[PDB]
There are 4 protein chains.
Amino acid sequence: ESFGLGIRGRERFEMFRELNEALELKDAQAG
Amino acid sequence: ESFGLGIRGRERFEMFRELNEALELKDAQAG
Amino acid sequence: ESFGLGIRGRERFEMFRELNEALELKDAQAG
Amino acid sequence: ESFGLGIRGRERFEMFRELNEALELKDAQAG
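Residues numbered from 1 in each chain as written, not as in the entry; some residues may be left out. Chains lettered and ligands numbered in written order. Heavy atoms only, no water.

In terms of determination method, the entry is listed under solution NMR.

Asker: How should I be thinking about the interface of chain A and chain B in this particular structure?
Answerer: Each partner contributes to the interface: chain A provides 18 residues, whereas chain B provides 16 residues. Each partner contributes to the roughly 1,700 Å² buried at the junction of chain A and chain B, and carbon and sulfur atoms together form 67% of this total. Ranking the residues of chain A by area buried against chain B places A:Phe3, A:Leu5 and A:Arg12 at the top, with a combined share of 38%. On the surface where chain A and chain B come into contact, there are one salt bridge. (Contact = heavy atoms within 4.5 Å. Buried area = accessible area lost by both parts, 1.4 Å probe. Salt bridge = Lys/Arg side-chain N within 4 Å of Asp/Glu carboxyl O.)

Asker: What am I meant to see in the nonpolar core here?
Answerer: For soluble globular proteins, nonpolar side chains are generally found buried alongside one another. Residues A:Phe16, B:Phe16 and C:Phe16 are the most contacted members of the largest nonpolar core, which totals 25 residues. Looking at this core, the elements with two or more residues in it are β1 (3-7) and α1 (10-30) of chain A, β1 (3-7) and α1 (10-29) of chain B, α1 (10-29) of chain C together with α1 (10-29) of chain D. Among the elements that make up this core, the one with the highest residue count is α1(D) (five residues). Setting aside residues no more than four positions away along its own chain, B:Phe16 makes contact with A:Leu5, A:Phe16, A:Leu19, A:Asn20 and B:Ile7. (Core = buried A, V, L, I, M, F, W, Y, C linked by side-chain atoms within 4.5 Å. Buried < 20%, exposed > 50% of the residue type's maximum accessible area, 1.4 Å probe, protein only. Helix = DSSP H or I, 4+ residues; strand = E, 2+ residues; numbered from the N terminus.)

Asker: Would you take a moment to explain α1(B) for this structure?
Answerer: One full turn of an α-helix is made of 3.6 residues, so residues set three or four places apart face in the same direction. Residue and element names in this part refer to chain B. Helix length check: α1 (20 residues) gives 29 Å between terminal C-alpha atoms against 28 Å at 1.5 Å per residue, within 8%. Within α1, burial applies to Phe13, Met15, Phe16, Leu19, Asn20 and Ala22. In the stretch just after α1, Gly31 is the one whose phi turns positive, near 100°. (Expected span 1.5 Å × (residues − 1).)

Asker: Explanation requested: the packing of α1(A) against α1(D) in the structure shown.
Answerer: How two helices pack is summed up by the angle between their axes together with the distance between the axes. One way to put it is that α1(A) packs onto α1(D) with a least axis distance of 10 Å and a crossing angle of 75°. The orientation of α1(A) relative to α1(D) falls into the category roughly perpendicular. Along its contact with α1(A), which presents A:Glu18, A:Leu19, A:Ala22, A:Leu25 and A:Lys26, the element α1(D) presents D:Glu18, D:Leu19, D:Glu21, D:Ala22, D:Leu23, D:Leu25 and D:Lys26. (Axes fitted to C-alpha atoms, helices over the stretch in contact; angles between N-to-C directions. Parallel < 35°, antiparallel > 145°, perpendicular 65-115°, else oblique.)

Asker: Is there a simple way to explain the side chain of C:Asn20 in this structure?
Answerer: Counting through the fold element by element, C:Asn20 comes out in helix α1. Take C:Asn20: its relative accessible area is 10%, and that puts it in the buried class. Those residues in contact with C:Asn20, other than ones at most four positions away along the chain, are D:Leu5, D:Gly6, D:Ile7 and D:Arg8.

Right, dumping it as structure tokens:
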């Protein structure tokens, strides 16, 4: 289940980008 | 310009979703 | 309800600081 | 100088809290 989040901001998208990569890292630490 | 973030997380996407809507409101206040 | 956080990051804290302010604005609009 | 955050939301602080803790982990990795 994917969700498309269209944004017209490089700064905003940058945040969600760093937050998304950081969340994925936590998963690797668990398993 | 214009960046689409395809997140497969209801929780994570929920955060960026609320952050995107809240960020758009600030832009309206400016000007 | 009021918790405190000890962050020594001007940029990081600045981000969460903007969210808190923008969050309070959403309550005024309600919707 | 340190910057305290006074949020009136357990959920909100959780986000900013998980971000600060998750962002600090990245430093340990470095590149």
